[PDB]
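Enquirer: Give me a 3D structure for the following:
(chains A and B, ligands or ions: 4)
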Protein chains: 2
Amino acid sequence: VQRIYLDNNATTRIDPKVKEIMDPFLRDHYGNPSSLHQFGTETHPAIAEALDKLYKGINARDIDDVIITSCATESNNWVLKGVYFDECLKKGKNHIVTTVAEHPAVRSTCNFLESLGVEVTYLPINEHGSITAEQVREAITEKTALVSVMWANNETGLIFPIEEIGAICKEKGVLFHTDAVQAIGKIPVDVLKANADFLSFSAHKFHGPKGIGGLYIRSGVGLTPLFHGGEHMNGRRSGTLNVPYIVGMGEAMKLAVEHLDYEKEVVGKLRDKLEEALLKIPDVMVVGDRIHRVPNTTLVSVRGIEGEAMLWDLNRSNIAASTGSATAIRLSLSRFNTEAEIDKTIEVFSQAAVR
Amino acid sequence: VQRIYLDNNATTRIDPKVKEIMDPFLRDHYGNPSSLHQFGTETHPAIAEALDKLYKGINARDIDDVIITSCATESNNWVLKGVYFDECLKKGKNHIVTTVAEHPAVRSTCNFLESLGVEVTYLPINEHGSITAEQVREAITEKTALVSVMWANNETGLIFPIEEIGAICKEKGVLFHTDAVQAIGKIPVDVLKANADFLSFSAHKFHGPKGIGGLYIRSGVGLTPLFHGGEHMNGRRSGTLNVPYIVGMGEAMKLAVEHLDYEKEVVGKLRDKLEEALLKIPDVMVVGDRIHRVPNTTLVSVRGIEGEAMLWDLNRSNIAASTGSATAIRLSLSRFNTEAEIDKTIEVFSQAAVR
Ligand SMILES: *Cc1c(COP(=O)(O)O)cnc(C)c1O
Ligand SMILES: *Cc1c(COP(=O)(O)O)cnc(C)c1O
Ligand SMILES: [Cl-]
Ligand SMILES: [Cl-]
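Expert: Residues are numbered from 1 along each chain as shown, chains lettered A, B, ... in the order given. Ligands and ions are numbered 1, 2, ... in the order given. Take a look:
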């Protein structure tokens, strides 16, 4: 059989080169990098090369940190709770601004901070499916400890005005964090242009393994560790390093940035072919703006039949997609989809819809 | 060349069967287990089997939780900070008792809680290298939120009186957590006999991959999540599951408990052969008790030459061991060491010592 995977904003396939580069550290190179003997220092060159790939992947400077975490959820929890202790409890800046579109790892943590007494304003989305940047400014009081706005939304693919939010935060002296998970491998990511203090990402959204992530911390910026222990990652995140996943995630970031032109010109062309073909049937409307989007995502809405039925049908024909709040059908492509797959999805989608 | 790895309390080699069982989930079975389509539910049987292996591995009940974490450091941080919010800030039980022998993931986090105003007593070790259990009782005031005592020490191999501490905690109504990382695969681990509310472990200490751990939470016991997001692990720990490492860690726990007789009878016999051979030279004394120890660990001290020099020398001859606070030389064996390796280590150790 031949199945079609169109659920890449939920997770992606590991690139074969990533698995290949991870294998030796699952085999004979199992030393703890903190060890002083040869099994430990034996791992240091590959770890350094992987970290270098990450730094260059997000345009991080040598003075900055790219701390290895276990997923984007850890990065987001670490940002929000760290600034809760450093900037909210100790500096009296008991206010955080974020958006209603943020991943549950951000919104649920913000709810937890609210339970402790922190004041959090979740900026409402507009009809364009985006946040303006004027909204954060309206909400940035002199007690805002942190602004947290995701770079690209996982349900609609919509790109938020990261850069202008960073400029507002820079002029107003408030820390800026961006959840950039959906942006890696989709659009160019530059922490300097974003003026980001914190940036989150997760490997399994750009063809690395599930269970490893990264938090960019700007030079000089403090953040009380979420993982105390003080051994690893310059004492900022303790725990024995996941060497294979570090190497693999480095390679995945490298491949992801190397495929940016292909992502916009080819994957985006497949998404536009799919979307244009799919809107030529009854009343199926795309949910959100069609310009400020990452190249791989389309979110289509169909009459009065729920999206879950359409997805159950698609899955019966071995086509995997997800839902999306509008419910609508989220189809998210990748580097490994082909035009034949897209034509097939147009046919199976139409036949399933009329049925 | 033929190198000798005697540093297994620092980390271990992945069992070939563990790598084998992980490989398919690094290849074609890359679905997100939260997905509703076939790529997601396709992973559910192997995840369930792995979790079953963990539960049976620590004698957890079906009503209990064995939450998948990213390492023992995450489990320990989660226990201590969770009971800080639930039992210290909300219930006024602003006291925690632990030991001075605990891993830095516990002691450093306790230091962080002290910086917030929590009163923590670190029980001092005695001349026997152990904690009595009478000490926790002496310190268990009616404001103790948590007792945290490691099952086996990583530097000396000494087993602490887990069970009696659990009985004291049960009679006095105080939560009991045990860091059991060094115990898995070394001695039988039973959360019921221990009367443990929380138990930590980490795969790479029993031949699973680095970067995954487990926290046993007793039925009914609450613990505010460290990873908010509320999606995965019954909402107790959010983040996309590390499917390959979950499967591998399950197999590693199974193999580890299946080798307990071999660990005590063979690995312990190799440790006793090594230790008895090594104490027949000048004034090299074993640091700590020689009865209440896990079968794989020996911690030897040598005259007035520091341990780091002896270990640099050993590493020059491709023999990997670590230091240990006494500094002494920690040699920690495993299922994969042979008697030939041990004889060779006796010779190289003697020649290095006289040189
Ligand atoms: C090794 C060890 C740890 C650290 O585990 P990580 O996987 O590095 O998080 C914690 N406690 C004990 C007793 C250990 O031996
Ligand atoms: C998928 C996603 C996450 C969750 O990442 P995990 O690896 O599951 O921790 C967080 N934020 C965004 C924007 C995501 O798309
Ligand atoms: Cl914290
Ligand atoms: Cl928490």
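
Enquirer: mind checking the SS state of residue A:216?
Expert: strand (DSSP: H, G, I helix; E, B strand; the rest coil).

Enquirer: and it, how far is that from ligand 2?
Expert: In this view, residue A:216 and ligand 2 are 14 Å apart by CB to the nearest ligand atom, to the nearest Å. The C-beta positions use only the backbone N, C-alpha and C, and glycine is treated the same way.

Enquirer: which non-adjacent residue is nearest that residue?
Expert: In space, and not counting its chain neighbours, residue A:216 is closest to residue A:199: 3.9 Å by CB to CB, 6 or more residues apart in numbering or on different chains.

Enquirer: Excluding its own residues, what touches whichever strand or helix holds that neighbour? List them.
Expert: Assigned by DSSP states H and E, residue A:199 belongs to strand A:198-202. The contact list for strand A:198-202, computed with CB atoms under 8 Å, 6 or more residues apart in numbering or on different chains, reads A:58, A:71-73, A:75-76, A:79, A:175-181, A:183-184, A:189, A:191, A:212-218, A:221, A:223, B:240.

Enquirer: Off-centre distance for it?
Expert: Strand A:198-202 sits 7 Å away from the centroid of its parent chain (CA atoms, centre = their mean, to the nearest Å).

Enquirer: ok, now how distant is residue A:100 from ligand 1?
Expert: 35 Å.

Enquirer: re earlier: does the strand holding residue A:199 come close to ligand 2?
Expert: Yes. Shown here: strand A:198-202 in contact with ligand 2 (CB under 6 Å from any ligand atom) through residue A:202.

Enquirer: Parallel or antiparallel, list what pairs with that strand.
Expert: strand A:175-179 (parallel), strand A:213-217 (antiparallel) (DSSP bridges).

Enquirer: CA-only coordinates of it in PDB, if you can.
Expert: Extracted in PDB, the C-alpha atoms of strand A:198-202 (Å, rounded to 0.1, in the frame of the first residue of the first chain):
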ATOM      1  CA  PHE A 198      14.000  33.700  24.200                       C
ATOM      2  CA  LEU A 199      13.100  31.400  21.300                       C
ATOM      3  CA  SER A 200      11.700  27.900  21.400                       C
ATOM      4  CA  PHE A 201      11.800  25.000  18.900                       C
ATOM      5  CA  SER A 202      11.300  21.300  18.700                       C
END
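
Enquirer: give the contact list for residue A:319.
Expert: Counted by CB under 8 Å, 6+ apart, residue A:319 has contacts A:3-4, A:6, A:344-345, A:348-349.

Enquirer: how about the residues of chain A near ligand 2?
Expert: A:71-73, A:103, A:105, A:150, A:154, A:179, A:181-182, A:202, A:204-205, A:213.

Enquirer: run the last query once more with 5 Å
Expert: A:71-73, A:103, A:105, A:154, A:179, A:181-182, A:202 (CB under 5 Å from any ligand atom).

Enquirer: a markdown table for those residues, including distance to ligand 3, secondary structure and neighbour count?
Expert: As requested, the residues of chain A next to ligand 2 are exported to a markdown table (distance: CB to the ion, whole Å; DSSP: H, G, I helix; E, B strand; the rest coil; neighbours: other CB atoms under 10 Å in any protein chain shown):
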| residue | distance to ligand 3 | secondary structure | neighbour count |
| --- | --- | --- | --- |
| A:71 | 16 | coil | 29 |
| A:72 | 17 | helix | 28 |
| A:73 | 14 | helix | 31 |
| A:103 | 20 | coil | 23 |
| A:105 | 15 | helix | 27 |
| A:154 | 26 | coil | 22 |
| A:179 | 18 | strand | 29 |
| A:181 | 21 | coil | 28 |
| A:182 | 26 | coil | 30 |
| A:202 | 20 | strand | 31 |
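
Enquirer: Show me which of those residues is closest to residue A:163.
Expert: The nearest member of the residues of chain A next to ligand 2 to residue A:163, counting by CB to CB, is residue A:179 at 15.2 Å.
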